[PDB]
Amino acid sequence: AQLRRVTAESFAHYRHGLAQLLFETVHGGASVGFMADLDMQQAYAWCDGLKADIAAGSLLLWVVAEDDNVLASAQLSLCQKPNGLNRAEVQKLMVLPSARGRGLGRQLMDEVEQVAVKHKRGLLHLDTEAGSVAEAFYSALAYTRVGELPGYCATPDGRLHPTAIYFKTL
């Protein structure tokens, strides 16, 4: 497996693997923006929705892949607001259920941080389901927990839960 930054030209190659990754992550129970009704057509639509921003460079996308087999992915959304050029949001960090516990998440976040700095972003922030494995993961990676917002979103099963806000100053 190799860590790769996705570009407009390599997007098609990774499209299916990224869609499958969202699919498996959602059905594995994670709160990443979708409900249990998620099907592959919806996952492909989500993927296609990333293409314009990836080509523009406002959204950065990485995958850890073995050829076209996508094992994990992460995204960095660069704030485009005139007064927000110091910040970026980390989103959609996901590792296939069967590829977890092997350091892929850390590999991705290390790259995300390095590239955020190249883009002169001093603040990385994100939000994740409170109490989830992701919370232990970000804490382990030295992100600082700000607090929670109750009823922020629902797990795929429809149950509302709090989201925890984390940040790291680079």
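When you see a residue number, it is the position in the sequence shown, counting from 1.
Undergrad: Looking at the deposited entry, does 46-54 or 110-118 carry the larger mean Cα B-factor?
TA: Going by the record's values, the stretch with the higher mean is 46-54.
Undergrad: Comparing 17-25 with 152-160, which stretch shows the greater average C-alpha B-factor in the deposited entry?
TA: Between 152-160 and 17-25, it is 152-160 that shows the higher mean C-alpha B-factor.
Undergrad: Looking at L126, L61, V70, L38, which has the biggest Cα B factor in the entry?
TA: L38 has the highest C-alpha B-factor of those listed.
Undergrad: Of the three thirds of its chain by CA temperature factor, lowest, middle or highest, which one includes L104?
TA: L104: CA B-factor falls in the lowest third of its chain.
Undergrad: Sorting the chain's modelled residues by C-alpha B-factor, tell me whether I165 ends up in the lowest, middle or highest third.
TA: According to the entry, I165 has a C-alpha B-factor in the chain's lowest third.
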